[PDB]
Amino acid sequence: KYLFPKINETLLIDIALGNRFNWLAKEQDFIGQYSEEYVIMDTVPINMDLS
Amino acid sequence: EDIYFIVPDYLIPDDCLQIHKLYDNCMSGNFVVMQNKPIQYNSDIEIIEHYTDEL
């Protein structure tokens with residue numbers, strides 16, 4: 001009984017490495033360079049000094 | 001039985017498998033193995049290394 005093997009294993013193991021946040025991905029549209037946002041802050045009701 | 005490694009995902013038979021060779025001609029449940037070469041002595045990746053240097 002004799003003879004031999006075949007060359008190159010080519011295992012190429014790779015893992016796909018998912019991305020852990022992409023439900024936070026919003027659909028940006030690439031126009032304009034500046035975005036901003038605001039609130040108005042609180043104010044308090046005051047006394048009724050009718051004088 | 002389905003003792004062997006199974007590459008598809010959910011399409012597994014989950015039931016009576018068999019080798020369909022000699023149990024009968026054409027009757028048993030199908031899982032037939034296919035050899036590359038009936039009797040194996042030397043791999044032909046060595047013969048392709050054997051001539052390609054001479055070539």
# chains A, B, ... in the order shown; residues from 1 in each chain; ligands from 1
$ residues_around --residues "range 19-33 of chain B" --least-positions-apart "6" --cutoff "12 Å" --atoms "only C-alpha atoms" --output "list in words"
residues 1, 2, 3, 4, 6, 12 and 13 of chain B
$ closest_atom_pairs --of "chain B" --to "chain A" --cutoff "6 Å" --atoms "only C-alpha atoms" --output "tab-separated table"
residue	atom	partner	partner_atom	distance
B:41	CA	A:3	CA	5.6
B:42	CA	A:3	CA	4.2
B:43	CA	A:5	CA	4.9
B:45	CA	A:6	CA	4.3
B:46	CA	A:6	CA	5.9
$ write_last_selection --atoms "N, CA and C atoms" --output "PDB file, in the first residue's frame"
ATOM      1  N   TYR B  41      -5.421   5.194  -4.000  1.00  0.00           N
ATOM      2  CA  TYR B  41      -4.031   4.899  -3.688  1.00  0.00           C
ATOM      3  C   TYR B  41      -3.161   6.137  -3.581  1.00  0.00           C
ATOM      4  N   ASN B  42      -3.127   6.986  -4.597  1.00  0.00           N
ATOM      5  CA  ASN B  42      -2.391   8.232  -4.490  1.00  0.00           C
ATOM      6  C   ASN B  42      -3.254   9.394  -4.952  1.00  0.00           C
ATOM      7  N   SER B  43      -3.047  10.540  -4.325  1.00  0.00           N
ATOM      8  CA  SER B  43      -3.844  11.705  -4.650  1.00  0.00           C
ATOM      9  C   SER B  43      -3.224  12.203  -5.942  1.00  0.00           C
ATOM     10  N   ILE B  45      -3.112  15.297  -6.829  1.00  0.00           N
ATOM     11  CA  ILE B  45      -2.492  16.595  -6.619  1.00  0.00           C
ATOM     12  C   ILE B  45      -0.986  16.373  -6.464  1.00  0.00           C
ATOM     13  N   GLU B  46      -0.556  15.109  -6.445  1.00  0.00           N
ATOM     14  CA  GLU B  46       0.871  14.825  -6.372  1.00  0.00           C
ATOM     15  C   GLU B  46       1.362  14.575  -7.794  1.00  0.00           C
TER      16      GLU B  46
END
$ select_by_dssp --residues "chain B" --states "alpha helix (DSSP H)" --output "PyMOL selection string"
chain B and resi 44-54
